Amino acid sequence: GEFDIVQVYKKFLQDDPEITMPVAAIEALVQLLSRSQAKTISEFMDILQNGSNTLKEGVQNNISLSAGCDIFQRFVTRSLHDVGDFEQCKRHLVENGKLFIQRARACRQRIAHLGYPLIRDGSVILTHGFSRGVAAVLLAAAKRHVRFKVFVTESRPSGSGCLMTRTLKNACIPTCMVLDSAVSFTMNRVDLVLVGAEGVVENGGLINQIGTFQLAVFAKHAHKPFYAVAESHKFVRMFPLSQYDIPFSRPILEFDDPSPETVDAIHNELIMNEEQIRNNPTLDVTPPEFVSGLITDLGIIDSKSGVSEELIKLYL
Amino acid sequence: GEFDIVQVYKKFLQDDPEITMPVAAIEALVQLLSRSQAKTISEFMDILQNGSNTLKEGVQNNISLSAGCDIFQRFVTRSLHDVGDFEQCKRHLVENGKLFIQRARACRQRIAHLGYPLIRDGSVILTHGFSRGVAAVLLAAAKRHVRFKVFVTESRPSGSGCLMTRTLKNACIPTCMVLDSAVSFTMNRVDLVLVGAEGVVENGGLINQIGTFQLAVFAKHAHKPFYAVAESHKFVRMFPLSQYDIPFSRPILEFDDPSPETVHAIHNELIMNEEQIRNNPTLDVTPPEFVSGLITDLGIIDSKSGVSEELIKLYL
């Protein structure tokens with residue numbers, strides 16, 4: 001009995017940082033599953049949820065795993081039956097677990113040798129902040145020896161842009177970091193925009209970092225296409241109503257109440273404070289009419305109605 | 001004699017910082033014209049030409065500056081005549097020159113008397129960073145006791161949002177800073193969008209700090225109105241074709257050359273350095289199709305053809 005699976009989850013991040021957070025969760029559940037010794041089907045699903053939720057609430061109720069955790073459950077729940085030997089249950093169960101992990105680990109690869117030809121000779125690409133998805137495909141393209149250049153949004157408040165350029169610069173790729181306020185000015189140059197994904201919705205929506213829809217309309221207005229890479233285990237069952245209807249933990253964009261009683265053209269270091277920042281949101285949502293093609297291990301999906309057929313296929 | 005007239009211009013900033021830059025240059029030109037023992041018409045215009053350019057070349061080749069100075073001349077020489085008394089020239093010049101600056105610095109007030117009713121009770125306004133005119137109208141509105149509350153774009157790289165924030169909060173009105181990456185998520189909550197002007201071109205376009213166009217597209221797509229406050233002496237003869245072709249000093253948005261070597265969620269300290277920040281532009285341009293209303297000392301102009309007719313009426 002581990003009784004602290006989060007550590008195994010955590011330990012995975014140090015045994016390998018090159019894996020996504022949900023991947024560790026599943027890789028941890030199997031360790032729970034394999035070691036768990038039960039006697040009823042209900043016993044498994046009881047601690048499984050009570051393990052997933054235990055794993056959920058530990059990580060600020062992150063969405064990426066919250067999908068993967070729920071999808072994984074509803075996966076093994078499918079072709080589950082108990083005939084004669086009870087041990088057959090666990091057998092069919094955990095064996096499919098590794099089988100799911102197999103596809104899960106190979107998912108972020110399957111998109112690479114599938115989205116790399118989207119880059120053409122001498123083309124110029126744009127990316128909002130770092131994402132493990134857009135990275136490999138570019139590298140799996142640059143590996144093929146193809147000339148191209150790339151801008152990267154600085155991606156406040158994450159600042160993941162400063163890391164993304166390095167990962168590309170290190171891989172022999174020309175970069176040019178650009179402020180979040182100057183993406184529109186860049187659309188004239190760019191031939192194709194490309195971002196990762198943090199969550200795909202029932203309507204084909206796109207929950208990713210805070211500024212995706214900021215540039216999604218630009219490419220829509222600047223007539224350049226829009227592409228986003230999303231692994232299967234990022235489909236979610238929610239369904240918003242706009243670019244705003246999302247549940248968010250901390251309340252956002254509150255105002256202050258000012259009682260009548262109180263007190264170089266580039267002015268660096270004159271910004272908001274950390275307290276001012278966290279009032280601002282963290283995630284974004286681009287309605288499907290603004291994306292022209294999802295990039296998944298299941299392939300490239302453009303209808304953003306078939307995503308539901310695929311989403312229905314993913315769940316029961 | 002009259003030399004380093006920039007210090008006159010400069011001492012004005014210490015004599016008064018609440019006035020902008022172009023008014024100071026004008027205040028210096030008339031001062032230059034005042035102590036100008038001249039004898040021929042050619043001498044006068046030869047001075048201010050070889051005077052304004054020295055004034056022009058001294059400050060970034062700023063637009064609002066280069067706007068007023070060039071406009072100042074082509075005003076004074078308009079109704080110019082020489083008859084008998086040569087002193088009439090210097091008389092007619094400074095007398096009319098005084099009338100200009102008199103009308104000039106009074107413009108920023110005249111705008112407030114027009115913009116304040118544009119704010120409704122309980123309205124929600126949006127402004128991209130600091131903007132002289134935007135402040136006064138809101139203040140002159142708040143003086144008249146009206147409930148509302150505004151967001152503020154932090155305005156990278158200028159960071160002028162915090163300055164705009166305080167100056168509003170300092171005048172007891174609610175504020176809430178917004179990083180430039182997440183303006184779109186806030187639009188559904190707004191009822192009006194109001195930004196300043198750093199320069200106005202012929203076609204009705206807008207030259208303001210970078211990210212100004214970043215907003216107007218949202219206001220367009222989010223079906224929210226867009227107003228910009230501009231003083232007359234900011235009009236310019238420039239006519240950019242697209243939303244990009246504008247004269248810019250330094251090279252902008254260049255890339256690197258990664259030869260084969262090897263050099264090596266509120267992450268608040270991995271930010272683009274001053275060098276790579278410089279590679280970003282400081283100005284964007286809002287096409288006239290997005291300006292629902294343009295408010296000036298001459299009034300409010302929505303035609304964006306009368307922008308030009310009033311413009312032609314300025315350049316004699």
# chains A, B, ... in the order shown; residues from 1 in each chain; ligands from 1
>>> interface_residues(of="chain A", to="chain B", cutoff="8 Å", atoms="only C-alpha atoms", output="number ranges by chain")
A: 149, 154-159, 162, 169-170, 172-185, 188, 210-211, 213-214, 243-244, 253-260, 262-263, 265-272, 274, 276-278, 280-281, 284
>>> residues_around(residues="range 19-34 of chain B", least_positions_apart="2", cutoff="10 Å", atoms="only C-alpha atoms", output="ChimeraX atom specification")
/B:1-3,5-13,15-17,36-38,44,47-48,51-52,55-56,59,62-69,72-73,90-91,93-98,100-102,104-105,108,132,233-234
>>> write_last_selection(atoms="C-alpha atoms", output="tab-separated table (two decimals), in the first residue's frame")
chain	number	residue	atom	x	y	z
B	1	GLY	CA	21.92	84.21	-28.83
B	2	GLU	CA	18.93	81.91	-29.18
B	3	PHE	CA	20.66	78.54	-29.06
B	5	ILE	CA	16.32	75.96	-27.91
B	6	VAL	CA	15.71	72.38	-26.81
B	7	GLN	CA	16.44	73.55	-23.26
B	8	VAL	CA	13.60	76.06	-23.60
B	9	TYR	CA	11.56	73.10	-24.79
B	10	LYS	CA	13.16	71.12	-21.97
B	11	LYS	CA	12.79	73.72	-19.22
B	12	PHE	CA	9.09	73.74	-20.09
B	13	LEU	CA	8.96	70.13	-18.88
B	15	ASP	CA	8.22	74.52	-15.86
B	16	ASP	CA	5.25	72.23	-16.54
B	17	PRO	CA	5.22	68.45	-17.04
B	36	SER	CA	14.56	86.78	-33.93
B	37	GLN	CA	15.99	90.05	-35.26
B	38	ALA	CA	15.17	89.20	-38.86
B	44	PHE	CA	12.22	83.63	-41.00
B	47	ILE	CA	15.27	79.68	-39.45
B	48	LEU	CA	12.32	77.61	-38.27
B	51	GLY	CA	15.22	75.17	-36.38
B	52	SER	CA	12.40	72.62	-36.27
B	55	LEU	CA	14.24	70.22	-32.85
B	56	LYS	CA	12.86	67.28	-34.83
B	59	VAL	CA	13.63	63.75	-30.25
B	62	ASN	CA	8.46	61.66	-32.84
B	63	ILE	CA	5.20	61.93	-34.75
B	64	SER	CA	3.18	64.21	-32.47
B	65	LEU	CA	6.22	66.48	-32.41
B	66	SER	CA	6.82	66.32	-36.17
B	67	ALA	CA	3.06	66.70	-36.53
B	68	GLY	CA	2.76	70.03	-34.75
B	69	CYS	CA	5.96	71.65	-36.01
B	72	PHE	CA	2.70	75.07	-37.17
B	73	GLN	CA	4.63	76.42	-40.16
B	90	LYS	CA	6.90	89.56	-37.22
B	91	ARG	CA	3.77	91.18	-35.79
B	93	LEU	CA	3.52	85.93	-37.12
B	94	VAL	CA	3.85	85.93	-33.33
B	95	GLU	CA	0.35	87.35	-32.87
B	96	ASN	CA	-1.10	84.48	-34.89
B	97	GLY	CA	1.57	82.15	-33.53
B	98	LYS	CA	0.41	82.96	-30.02
B	100	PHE	CA	-2.24	78.86	-32.27
B	101	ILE	CA	-0.55	77.70	-29.07
B	102	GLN	CA	-3.36	79.42	-27.17
B	104	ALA	CA	-3.47	74.41	-28.95
B	105	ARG	CA	-3.00	73.68	-25.25
B	108	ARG	CA	-7.02	68.80	-24.45
B	132	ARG	CA	-3.20	61.85	-21.95
B	233	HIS	CA	-2.14	68.86	-33.92
B	234	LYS	CA	-1.55	65.10	-34.15
>>> select_by_dssp(residues="range 70-266 of chain B", states="strand (DSSP E)", output="ChimeraX atom specification")
/B:123-128,148-153,177-178,193-195,206-209,226-229
>>> write_last_selection(atoms="N, CA, C and O atoms", output="compact mmCIF listing (two decimals), in the first residue's frame")
# COMPACT_ATOMS: atom_id res chain seq x y z
N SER B 123 -21.17 52.12 -16.65
CA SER B 123 -20.52 51.60 -17.84
C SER B 123 -19.20 50.93 -17.47
O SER B 123 -18.74 50.97 -16.33
N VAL B 124 -18.59 50.29 -18.47
CA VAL B 124 -17.31 49.61 -18.30
C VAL B 124 -16.42 49.97 -19.48
O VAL B 124 -16.75 49.65 -20.62
N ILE B 125 -15.30 50.63 -19.20
CA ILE B 125 -14.44 51.17 -20.23
C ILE B 125 -13.16 50.35 -20.29
O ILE B 125 -12.80 49.64 -19.36
N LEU B 126 -12.47 50.47 -21.42
CA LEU B 126 -11.21 49.77 -21.65
C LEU B 126 -10.24 50.72 -22.34
O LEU B 126 -10.62 51.43 -23.27
N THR B 127 -8.99 50.72 -21.88
CA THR B 127 -7.99 51.63 -22.41
C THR B 127 -6.63 50.94 -22.47
O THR B 127 -6.22 50.28 -21.52
N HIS B 128 -5.95 51.11 -23.60
CA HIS B 128 -4.63 50.53 -23.82
C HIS B 128 -3.59 51.46 -23.23
O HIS B 128 -3.18 52.44 -23.85
N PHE B 148 -18.81 54.03 -12.62
CA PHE B 148 -18.26 53.11 -13.61
C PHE B 148 -16.93 52.58 -13.13
O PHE B 148 -16.49 52.90 -12.02
N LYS B 149 -16.27 51.77 -13.95
CA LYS B 149 -15.01 51.16 -13.57
C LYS B 149 -14.36 50.59 -14.83
O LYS B 149 -15.05 50.03 -15.68
N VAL B 150 -13.04 50.74 -14.93
CA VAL B 150 -12.34 50.47 -16.17
C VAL B 150 -11.25 49.44 -15.94
O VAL B 150 -10.70 49.32 -14.83
N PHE B 151 -10.94 48.69 -16.98
CA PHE B 151 -9.72 47.90 -17.03
C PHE B 151 -8.60 48.74 -17.63
O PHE B 151 -8.83 49.82 -18.18
N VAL B 152 -7.38 48.23 -17.54
CA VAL B 152 -6.21 48.94 -18.04
C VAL B 152 -5.24 47.93 -18.64
O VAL B 152 -4.83 46.98 -17.96
N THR B 153 -4.89 48.12 -19.90
CA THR B 153 -3.87 47.30 -20.53
C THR B 153 -2.50 47.72 -20.02
O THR B 153 -2.18 48.91 -20.02
N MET B 177 -5.82 46.18 -13.56
CA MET B 177 -4.84 46.03 -14.63
C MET B 177 -5.05 44.72 -15.36
O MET B 177 -5.43 43.70 -14.77
N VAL B 178 -4.79 44.75 -16.66
CA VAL B 178 -4.92 43.57 -17.52
C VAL B 178 -3.65 43.46 -18.35
O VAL B 178 -3.29 44.39 -19.07
N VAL B 193 -14.98 50.96 -25.37
CA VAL B 193 -13.53 50.89 -25.44
C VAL B 193 -13.01 52.26 -25.86
O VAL B 193 -13.48 52.81 -26.86
N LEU B 194 -12.06 52.79 -25.11
CA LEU B 194 -11.57 54.14 -25.32
C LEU B 194 -10.06 54.17 -25.19
O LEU B 194 -9.52 53.83 -24.13
N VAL B 195 -9.38 54.61 -26.24
CA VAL B 195 -7.93 54.70 -26.25
C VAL B 195 -7.52 56.08 -26.75
O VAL B 195 -8.30 56.80 -27.37
N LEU B 206 -4.82 55.09 -37.40
CA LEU B 206 -4.47 55.48 -36.04
C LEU B 206 -3.05 55.05 -35.76
O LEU B 206 -2.71 53.88 -35.95
N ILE B 207 -2.23 55.97 -35.28
CA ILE B 207 -0.90 55.65 -34.79
C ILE B 207 -0.93 55.83 -33.28
O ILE B 207 -0.99 56.95 -32.78
N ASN B 208 -0.89 54.72 -32.56
CA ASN B 208 -0.84 54.72 -31.11
C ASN B 208 0.12 53.63 -30.67
O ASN B 208 0.64 52.87 -31.50
N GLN B 209 0.37 53.57 -29.37
CA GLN B 209 1.32 52.59 -28.85
C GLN B 209 0.89 51.18 -29.24
O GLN B 209 -0.30 50.88 -29.38
N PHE B 226 -15.74 51.44 -30.45
CA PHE B 226 -14.33 51.80 -30.32
C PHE B 226 -14.20 53.29 -30.54
O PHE B 226 -14.55 53.79 -31.62
N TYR B 227 -13.71 54.01 -29.54
CA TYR B 227 -13.49 55.44 -29.63
C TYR B 227 -12.03 55.75 -29.32
O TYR B 227 -11.40 55.10 -28.49
N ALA B 228 -11.51 56.77 -30.00
CA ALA B 228 -10.13 57.20 -29.82
C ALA B 228 -10.10 58.72 -29.69
O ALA B 228 -10.75 59.42 -30.47
N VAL B 229 -9.34 59.21 -28.72
CA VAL B 229 -9.22 60.64 -28.47
C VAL B 229 -7.95 61.14 -29.14
O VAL B 229 -6.86 60.62 -28.89
>>> residues_around(residues="residue 74 in chain A", least_positions_apart="5", cutoff="12 Å", atoms="only C-alpha atoms", output="list in words")
residues 45, 48, 49, 67, 68, 69, 79, 80, 93, 96, 97, 100, 233, 312, 313, 314, 315 and 316 of chain A
>>> residues_around(residues="residue 111 in chain B", least_positions_apart="5", cutoff="12 Å", atoms="only C-alpha atoms", output="VMD selection string")
chain B and resid 104 to 106 116 to 118 132 to 138 140 to 141 196 228 to 232 294 to 300
>>> closest_residue(among="A:251, A:303, A:212, A:261", to="residue 286 in chain A", atoms="only C-alpha atoms")
A:212
>>> atom_distance(atom1="CA of residue 286 in chain B", atom2="CA of residue 75 in chain B")
27.5 Å
>>> select_by_dssp(residues="range 104-176 of chain A", states="helix (DSSP H, G or I)", output="CSV table (one decimal) with C-alpha atoms, in the first residue's frame")
chain,number,residue,atom,x,y,z
A,104,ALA,CA,-0.4,7.5,-24.5
A,105,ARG,CA,3.4,7.6,-24.6
A,106,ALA,CA,3.5,7.2,-28.4
A,107,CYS,CA,0.7,9.8,-28.9
A,108,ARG,CA,3.0,12.8,-28.6
A,109,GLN,CA,5.2,11.0,-31.2
A,110,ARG,CA,2.4,10.0,-33.6
A,112,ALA,CA,5.2,14.4,-35.0
A,113,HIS,CA,5.5,12.2,-38.1
A,114,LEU,CA,2.1,13.5,-39.0
A,115,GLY,CA,2.3,17.3,-38.6
A,116,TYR,CA,5.8,17.8,-39.8
A,117,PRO,CA,4.9,18.2,-43.5
A,118,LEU,CA,2.7,21.1,-42.5
A,132,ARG,CA,5.4,20.0,-25.8
A,133,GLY,CA,3.4,19.3,-28.9
A,134,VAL,CA,4.5,22.1,-31.2
A,135,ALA,CA,8.1,21.5,-30.1
A,136,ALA,CA,8.6,18.0,-31.3
A,137,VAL,CA,6.9,18.4,-34.7
A,138,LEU,CA,9.1,21.4,-35.5
A,139,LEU,CA,12.2,19.4,-34.3
A,140,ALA,CA,10.9,16.4,-36.2
A,141,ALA,CA,10.8,18.8,-39.2
A,142,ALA,CA,14.1,20.6,-38.6
A,160,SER,CA,6.9,30.1,-21.3
A,161,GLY,CA,8.0,31.8,-24.5
A,162,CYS,CA,11.4,32.5,-23.1
A,163,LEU,CA,11.9,28.8,-22.7
A,164,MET,CA,10.3,27.8,-26.0
A,165,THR,CA,12.8,29.9,-28.1
A,166,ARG,CA,15.7,28.3,-26.2
A,167,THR,CA,14.4,24.8,-27.0
A,168,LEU,CA,14.2,25.8,-30.6
A,169,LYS,CA,17.4,27.9,-30.6
A,170,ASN,CA,19.2,24.9,-29.1
